[PDB]
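Structure, as structure tokens:
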Amino acid sequence: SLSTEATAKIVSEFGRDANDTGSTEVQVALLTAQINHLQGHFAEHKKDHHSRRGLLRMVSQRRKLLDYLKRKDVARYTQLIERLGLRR
Amino acid sequence: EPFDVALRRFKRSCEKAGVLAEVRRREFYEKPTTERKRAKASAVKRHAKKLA
Amino acid sequence: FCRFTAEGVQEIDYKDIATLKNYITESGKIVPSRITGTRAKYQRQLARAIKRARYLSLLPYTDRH
Amino acid sequence: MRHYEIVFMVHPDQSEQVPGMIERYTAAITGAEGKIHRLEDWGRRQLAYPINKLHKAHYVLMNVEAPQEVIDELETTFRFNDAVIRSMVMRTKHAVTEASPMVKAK
Amino acid sequence: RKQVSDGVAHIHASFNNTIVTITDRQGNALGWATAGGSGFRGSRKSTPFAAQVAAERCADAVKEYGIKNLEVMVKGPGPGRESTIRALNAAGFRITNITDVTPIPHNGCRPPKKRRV
RNA sequence: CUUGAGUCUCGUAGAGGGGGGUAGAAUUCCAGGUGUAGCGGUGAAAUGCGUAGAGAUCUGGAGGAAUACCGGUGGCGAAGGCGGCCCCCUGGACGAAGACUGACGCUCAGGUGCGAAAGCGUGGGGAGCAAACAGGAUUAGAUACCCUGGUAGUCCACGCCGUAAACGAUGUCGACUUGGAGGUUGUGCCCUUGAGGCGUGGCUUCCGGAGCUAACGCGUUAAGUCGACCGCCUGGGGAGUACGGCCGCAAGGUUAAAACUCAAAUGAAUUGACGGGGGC
Ligand SMILES: [Mg+2]
Ligand SMILES: [Mg+2]
Ligand SMILES: [Mg+2]
Ligand SMILES: [Mg+2]
Ligand SMILES: [Mg+2]
Ligand SMILES: [Mg+2]
Ligand SMILES: [Mg+2]
Ligand SMILES: [Mg+2]
Ligand SMILES: [Mg+2]
Ligand SMILES: [Mg+2]
Ligand SMILES: [Mg+2]
Ligand SMILES: [Mg+2]
Ligand SMILES: [Mg+2]
Ligand SMILES: [Mg+2]
Ligand SMILES: [Mg+2]
Ligand SMILES: [Mg+2]
Ligand SMILES: [Mg+2]
Ligand SMILES: [Mg+2]
Ligand SMILES: [Mg+2]
Ligand SMILES: [Mg+2]
Ligand SMILES: [Mg+2]
Ligand SMILES: [Mg+2]
């Protein structure tokens with residue numbers, strides 16, 4: 001749902017290289033942007049369960065990738081969840 | 001113009017537009033499950049007809 | 001049959017009443033695809049265009065009004 | 001930006017006012033720097049069914065790219081007007097400049 | 001007892017009964033007769049014969065209006081739909097054309113429930 | 001490490017969802033324009049409306065609900081489910097050719113969410129339909145089917161309920177195993193291209209092979225050959241009942257026995273008989 005501009009900006013920020021798009025930081029940052037954006041949608045559409053299912057799929061992928069990135073290295077995990085303010 | 005074969009021209013548009021059948025169909029309420037069951041019956045029949 | 005593939009026209013226009021009229025009966029009812037030969041992908045766009053034109057009063061709903 | 005095709009009718013009696021009406025509709029797009037790819041005036045056309053017991057309504061076609069808020073404001077402006085009797089806004093995937101089928105038929 | 005110089009026949013039909021009504025193009029009733037007012041009641045009321053009687057009965061009951069050219073609008077799927085047409089074409093009724101005016105709802109209201117028998 | 005899983009770029013199809021507008025057909029009611037005796041109803045009737053003008057017919061208005069055909073053997077959704085048109089916010093699937101991450105995966109007790117219809121609470125809304133109910137019939141009876149009415153309900157908003165033959169009576173993920181005819185949906189190639197003929201995918205319908213099955217049947221969308229995990233079954237009644245716990249405003253749901261009782265209960269198929277089932 002993110003525009004191409006926002007997606008490429010997030011990729012270029014959290015990417016080791018601009019070309020790098022599948023790294024765990026890029027993916028978790030895209031997930032975070034979408035999860036933060038859908039808050040305004042579900043603040044009004046409280047009856048939109050069929051989209052909240054996709055929102056839940058996103059928070060689940062984010063939780064799994066955060067677990068992976070934590071076990072893989074503490075450094076990247078700590079700095080990434082500090083930049084995104086996750087797990088405060 | 002003749003009145004007889006001007007009335008057979010009525011019984012062609014009338015029928016091919018169906019409305020006679022539509023009044024019978026909308027005469028009574030068909031429950032949606034019966035609608036779908038009858039659709040499936042007609043489907044399987046006019047399908048497996050043109051194989052055998 | 002399937003005219004919208006011989007010509008190859010990607011989009012059907014609700015403003016082209018000359019084409020829409022060939023898919024509407026005198027009663028004003030859309031013709032099925034088992035009669036005209038149109039593809040399903042294009043029959044759906046035909047129905048959409050016909051309804052959009054009937055909203056703009058460019059086509060009758062019924063033969064009476 | 002989003003391309004929209006707007007085809008609105010208008011009361012035959014107020015047809016003289018229609019060139020004056022187009023100014024505010026064009027101005028809203030111009031103010032937002034929105035583009036206009038296709039303007040066509042079919043003119044009075046015979047209605048297939050009555051609309052408020054009226055016939056021979058005047059049809060106007062506009063193809064317009066603009067911010068969504070400007071289009072929403074134009075839609076509120078449409079309902080307020082009385083001469084107008086039908087407003088249709090249609091989001092198109094591209095901006096079409098090709099001649100209208102009605103204009104070609106003329 | 002007065003002219004209107006033209007007429008429009010409106011054949012209302014129901015499974016139970018058939019109604020014939022001559023009216024001016026303006027929709028003002030000039031004469032009317034029902035297949036149930038022809039002396040046919042119950043089952044006898046609903047039959048092409050009863051509607052054929054009611055058509056001519058209404059024709060004569062309006063005849064003093066000197067109607068000649070008429071437009072026939074027939075409604076309802078019951079029998080006597082064409083029988084009535086023919087039986088009013090009698091007495092030199094110059095039929096312009098016919099039209100089916102049966103009311104067809106676009107999935108509008110809930111019909112009554114199916115009968116068991 | 002890149003084959004599993006996931007990300008990015010480009011597109012495609014869709015009744016996927018939420019919200020807001022809106023149009024046409026029809027029903028009903030209201031006011032009237034003409035007009036006359038029936039209307040409506042059924043096996044046949046009657047109750048029921050009608051001479052204070054019904055019904056029929058034309059004009060104008062009010063209102064609620066549902067979207068003829070298109071429509072499919074169609075599509076989308078995890079399932080329940082989803083159908084006029086337009087806009088707005090929005091989820092997923094798929095394809096093409098690449099780039100990137102590097103096992104990040106599968107399953108899942110408790111847990112949490114969603115979950116047809118009926119029903120419940122509060123506030124609306126109420127055209128049609130219609131439990132209870134009222135009358136008219138049928139009948140030996142008729143607390144029924146039939147008929148005229150008709151209330152909650154159906155509709156909306158926010159809560160609850162958590163149940164269905166919620167079914168493909170078939171848990172989820174993965175690999176492997178002869179074929180045929182289709183539908184729907186992308187896409188590579190090549191004809192000179194329009195049509196057209198080859199390749200490769202996604203989903204889906206119907207035949208049928210091996211195999212499997214008690215049989216019926218299933219059959220590359222397995223009920224075949226296997227692996228991972230979870231749920232569940234242990235004769236028929238008693239009983240999905242009791243008691244207790246948890247949950248619910250309530251209806252109730254969920255978890256879930258025993259005593260006793262019987263020697264069967266059951267599945268599929270077969271041969272007849274029978275049918276107010278057909279065809280000759
Ligand atoms: Mg995505
Ligand atoms: Mg009835
Ligand atoms: Mg939709
Ligand atoms: Mg009156
Ligand atoms: Mg599907
Ligand atoms: Mg569980
Ligand atoms: Mg309910
Ligand atoms: Mg309630
Ligand atoms: Mg209430
Ligand atoms: Mg009843
Ligand atoms: Mg009723
Ligand atoms: Mg109650
Ligand atoms: Mg179901
Ligand atoms: Mg089960
Ligand atoms: Mg499998
Ligand atoms: Mg098979
Ligand atoms: Mg298996
Ligand atoms: Mg088995
Ligand atoms: Mg036991
Ligand atoms: Mg219990
Ligand atoms: Mg208890
Ligand atoms: Mg058996």
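With ideal geometry, Cβ positions are generated from the backbone for all residues, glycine too; neighbour counts draw on all protein chains shown. Laboratory data are not the source of any read-out in this text; all were calculated from the coordinates shown.
Brief remarks on what is shown
- Summed over the stretch D:1-46, residues that are within 15 Å of D:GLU75 (Cβ to Cβ) and free of Cβ contacts under 8 Å to residues at least 60 places away in the same chain total 6.
- The stretch C:28-46, residues that are part of a loop (DSSP other than H, G, I, E, B), closer than 26 Å to B:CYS14 by Cβ and of a type in the set (D, E, K, R): C:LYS29
- Positions within the stretch C:6-27 being over 9 Å from the mean Cα position of the chain (by Cα) and either farther than 15 Å from C:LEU56 by Cβ or part of a helix (DSSP H, G or I) (or both), in sequence order: C:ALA6, C:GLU7, C:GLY8, C:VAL9, C:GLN10, C:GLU11, C:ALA18, C:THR25, C:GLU26, C:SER27
- Meets criteria (more than 12 Å from RNA strand F (Cβ to nearest atom) and within 13 Å of chain B (Cβ to nearest Cβ)) for E:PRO77: yes
- As for the stretch A:12-25, it holds no residue that is farther than 30 Å from D:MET1 by Cα and touching a residue at least 60 places away in the same chain (Cβ under 8 Å).
- For the residues B:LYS49, B:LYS40, B:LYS16, B:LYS45, the requirement of being more than 30 Å from E:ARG110 (Cα to Cα) and charged (D, E, K, R) singles out B:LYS49.
Per-residue answers, yes or no, for (1) at the interface with chain E (Cβ under 7 Å from one of its Cβ atoms); (2) surrounded by 10 or more Cβ atoms within 10 Å (Cβ to Cβ); (3) away from ligand 2 (no atom under 16 Å from the Cβ); (4) under 12 Å from the mean Cα position of the chain (by Cα):
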| residue | (1), (2), (3), (4) |
| --- | --- |
| B:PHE3 | yes, yes, yes, no |
| B:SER13 | no, yes, yes, no |
| B:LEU20 | yes, yes, yes, yes |
| B:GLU30 | no, yes, no, no |
| B:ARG38 | no, yes, yes, no |
| B:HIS47 | no, no, yes, no |
| B:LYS50 | no, no, yes, no |
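- Failed item in (1) surrounded by fewer than 18 Cβ atoms within 10 Å (Cβ to Cβ); (2) of a type in the set (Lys, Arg); (3) touching a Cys at 6+ places or on another chain (Cβ under 9 Å), with E:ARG81 passing the rest: (1)
- Here the stretch D:43-64 is the region considered, the condition is being facing chain C (nearest Cβ under 9 Å) and part of a strand (DSSP E or B), and the residue that is surrounded by the most Cβ atoms within 10 Å (Cβ to Cβ) is D:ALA57.
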